[PDB]
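> how does the following fold in three dimensions:
(2 chains)
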Amino acid sequence: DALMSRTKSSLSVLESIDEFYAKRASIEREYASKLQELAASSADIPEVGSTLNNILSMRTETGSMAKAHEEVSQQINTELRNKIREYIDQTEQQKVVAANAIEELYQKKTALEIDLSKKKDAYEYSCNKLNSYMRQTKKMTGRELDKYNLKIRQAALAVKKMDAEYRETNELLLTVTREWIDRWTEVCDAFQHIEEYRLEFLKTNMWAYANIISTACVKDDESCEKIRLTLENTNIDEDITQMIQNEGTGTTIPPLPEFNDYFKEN
Amino acid sequence: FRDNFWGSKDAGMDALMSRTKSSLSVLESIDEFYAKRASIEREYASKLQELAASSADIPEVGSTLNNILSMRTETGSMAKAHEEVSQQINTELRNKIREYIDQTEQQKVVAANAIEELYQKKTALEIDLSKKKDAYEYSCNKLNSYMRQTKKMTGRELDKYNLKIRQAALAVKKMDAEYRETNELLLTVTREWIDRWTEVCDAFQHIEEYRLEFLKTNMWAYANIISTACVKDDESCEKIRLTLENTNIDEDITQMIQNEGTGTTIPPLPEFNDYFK
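Residues are numbered from 1 along each chain as shown, chains lettered A, B, ... in the order given. Below is the structure in question.
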């Protein structure tokens, strides 16, 4: 009944899925965030002049350009902060090994001492093989072939010695397993501890996953509220006024043609 | 208020002809800015609904299967959220910029229609009035040269003076008909030129007080097209955390180990008194 394969297969499924979570986090920033982090800030932030002479209707354009960039400073944070959490999968994907390679090899050694001792017991099933040949002497003595009784002594002394083996191998193999019913309950209990705390790790480390992106959502949303604030301070009648002084060409009327006379210099 | 755009002759028109070409260069720079932001977000949703829908079969199952899958099914919510963003940018935002681009160029013709008619009519007279003042002040040099030579060479002789009255009629001729008249055709044109030009400055001022309000109301749409995604993403975050509060530790009740009735006493007892006794 080598059913340690079932509790040892539970360990094959604790790291083949932890790999997926760490693969997902490792992928949800290079296949998701290496785009906005890069494309938003990098491809943007030029010195292309807004060329709006309006000191105010220009505050809102750069405000839209700035908050495009103060939106990307927040997807970079997730790219950083969430690849500084996948590094907590390895403090479980390899810390669990500290909790499952210590009381596993220490339990393997005893688990095979049983295996050959029982094989030594089934090998010492000769108490039966000489009992079979003992009875067949007694069976054939009903015919009385006159000194089979000497043979019967032999198998009688033989049976005595060879069950003294069987009783010896049986009491030993008894406590070898009686001390394995005990110690196997300790791996049953220990595995149910760190296969129950792995779930608290999974749940608590995934609850801190959305709280890592919910920050990102509230960041750029709060930054979008800043594009509407910069967009409310605009007062237009003062704006063209400020813009006229720049592009102003002339304020006095083009004086009219007057008829120049003859006595100008007479 | 925009009366103060007169200047010398053509500075005003060219100062106002550069403002429209610069104003148009503001909106097209704003238009393209959406196009660049558009495909950026469009690439964001491509990868996400790729990443979300690229599901695979792994030994996970049970009440913890919800949370892991909750994470996969909310990366497709982001894609849907940010595809709408880019969608709302090229369909609504960019296209409505192309609206005011064309509406205004068609309105920038109606405003100043006959400006070059009067500007060139005013120039024709300006130079032609200068052609006439040119002759008038050459016509008076000769007269002075005939009334100043007679000044030093006084009337001490007997020569017919008809040189003066012959050319005095010229001075009146060239002056009156050709200067006091084209200086009055220029006046009536000028007084209308000031009128029409004053109404063209007023007409673009009104246009400029729209472009500023339009840009504000357009970028306000831009801000709220993004806030659409932000609350969508934020709401789908509690959906992750709603499915994490649903997780109790009973998934280890999903047991596969074959036990509970095994591990017997095992003191093998073949005494071989089964029959033999």
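> only C-alpha atoms from now on, for both contacts and neighbour counts.
Fine.
> please name the residues that touch residue A:220.
By C-alpha atoms under 8 Å, 6 or more residues apart in numbering or on different chains, residue A:220 lies in contact with A:67, A:70, A:71, A:72, A:74, B:230.
> make it 7 Å
A:71, A:74 (C-alpha atoms under 7 Å, 6 or more residues apart in numbering or on different chains).
> which SS class is it?
Using DSSP: H, G, I helix; E, B strand; the rest coil as the criterion, the local structure at residue A:220 reads helix.
> what of residue A:142?
coil.
> who touches stretch A:223-239?
Residues external to stretch A:223-239 that are found in contact with it (C-alpha under 7 Å, 6+ apart): A:54, A:56-57, A:59-60, A:63-64, A:67, A:70-71, B:209, B:212, B:216, B:220, B:223, B:227.
> near chain B, which residues of chain A?
Residues of chain A found near chain B (C-alpha under 7 Å from any C-alpha of the partner chain) are A:6, A:13, A:17, A:31-32, A:35-36, A:39, A:50, A:57, A:170, A:174, A:203, A:207, A:210, A:214, A:217, A:221, A:224, A:227-228, A:231, A:236, A:247-251, A:253-254, A:256-257, A:259.
> just the buried ones from those?
Buried members of the residues of chain A next to chain B, counted by 16 or more other C-alpha atoms under 10 Å in any protein chain shown: A:17, A:31-32, A:35-36, A:39, A:50, A:57, A:170, A:174, A:203, A:207, A:210, A:214, A:217, A:221, A:224, A:227-228, A:231, A:236, A:247-249.
> the residues you listed in helices, which ones?
With DSSP state H as the criterion, helices contain A:17, A:35-36, A:170, A:174, A:203, A:207, A:210, A:214, A:217, A:221, A:224, A:227-228, A:247 from among those.
> which of those residues sit farthest apart?
A:170 and A:247 (110.3 Å; C-alpha to C-alpha).
> going along the chain, name the helices of chain A.
Along chain A, counting by DSSP H, helices occupy A:4-12, A:15-30, A:33-36, A:59-82, A:90-93, A:95-98, A:105-123, A:126-140, A:148-194, A:197-229, A:237-247.
> CA atoms of the second one as CSV?
Same thing as helix A:15-30. Output of helix A:15-30 as CSV, limited to C-alpha atoms (Å, rounded to 0.1, in the frame of the first residue of the first chain):
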residue,chain,number,x,y,z
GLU,A,15,4.6,23.9,-7.2
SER,A,16,3.1,23.3,-10.7
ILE,A,17,0.5,25.9,-9.9
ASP,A,18,2.5,28.3,-7.8
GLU,A,19,4.6,28.4,-11.0
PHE,A,20,1.5,29.5,-12.9
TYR,A,21,0.7,32.4,-10.4
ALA,A,22,4.4,33.5,-10.6
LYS,A,23,4.2,32.9,-14.4
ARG,A,24,1.0,35.1,-14.5
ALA,A,25,2.5,37.9,-12.5
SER,A,26,5.7,37.7,-14.5
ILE,A,27,3.6,37.9,-17.7
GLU,A,28,1.0,40.5,-16.6
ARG,A,29,3.7,43.2,-16.5
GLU,A,30,5.9,42.4,-19.5
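> who's in contact with that helix?
Identification of contacts with helix A:15-30 by C-alpha under 7 Å, 6+ apart yields A:79, A:82, A:83, A:86, A:89, A:93, B:58, B:60.
> now the angle from it to helix B:63-88?
With axes from the mean of the first three to the mean of the last three C-alpha atoms, to 10 degrees applied, the angle from helix A:15-30 to helix B:63-88 works out at 20 degrees.
> what's the answer for the longest one, then?
Compare the direction of helix A:148-194 with that of helix B:63-88 by the same axes, to 10 degrees and you get 40 degrees.
> for helix A:148-194, packing partners?
helix A:105-123, helix A:126-140 (3 or more C-alpha pairs under 7 Å, 6 or more residues apart in numbering or on different chains; DSSP states H and E).
> now those helices as JSON lines including mean neighbour count?
As requested, these are arranged in JSON lines below (neighbours: other C-alpha atoms under 10 Å in any protein chain shown):
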{"stretch": "helix A:105-123", "mean neighbour count": "14"}
{"stretch": "helix A:126-140", "mean neighbour count": "16"}
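> got the contact list for the closest residue to chain B within the stretch 51-200 of chain A?
At 6.2 Å from chain B, residue A:174 is the closest residue in the stretch 51-200 of chain A, using C-alpha to the nearest C-alpha. Applying C-alpha under 7 Å, 6+ apart, we find residue A:174 in contact with B:266, B:267.
> what's the neighbour count on residue A:61?
Neighbourhood size, residue A:61 [other C-alpha atoms under 10 Å in any protein chain shown]: 21.
> give me the phi and psi angles of the nearest residue to residue A:58 once chain neighbours are set aside.
Residue nearest to residue A:58 in three dimensions, not counting chain neighbours: residue A:52, with 5.7 Å by C-alpha to C-alpha, 6 or more residues apart in numbering or on different chains. Main-chain torsions, residue A:52, degrees, to the nearest 10: phi -80, psi 110.
> residues near residue A:52, how many?
The number of residues near residue A:52, taken as other C-alpha under 10 Å, comes to 17.
> pretty sure it is touching residue A:59, no?
No. Counting by C-alpha atoms under 7 Å, residue A:52 stays clear of residue A:59, with 9.5 Å between them.
> how about residue A:54, phi and psi?
Dihedral pair for residue A:54: phi -70, psi 110, per degrees, to the nearest 10.
> surely it meets residue A:241?
No. If you go by C-alpha under 7 Å, residue A:54 and residue A:241 don't touch, sitting 8.7 Å apart.
> between these two, tell me which one has more neighbours.
Neighbours per residue (other C-alpha under 10 Å) separate residue A:54 from residue A:241, with residue A:54 holding more: 19 against 14.
> OK, contacts around that one?
A:239, A:240, A:242, A:243.
> do residue A:210 as well
Residue A:210 touches B:237, B:240, counting by C-alpha under 7 Å, 6+ apart.
> one more time with 6 Å, if that's ok
Shown in contact with residue A:210 (C-alpha atoms under 6 Å, 6 or more residues apart in numbering or on different chains): residue B:237.
> then residue A:71?
residue A:220.
> could you rerun that using 8 Å?
Residue A:71 neighbours (C-alpha under 8 Å, 6+ apart): A:219, A:220, A:223.
> among those, which one sits closest to chain B?
Minimum distance to chain B across the contacts of residue A:71 is 7.4 Å, recorded for residue A:220 (C-alpha to the nearest C-alpha).
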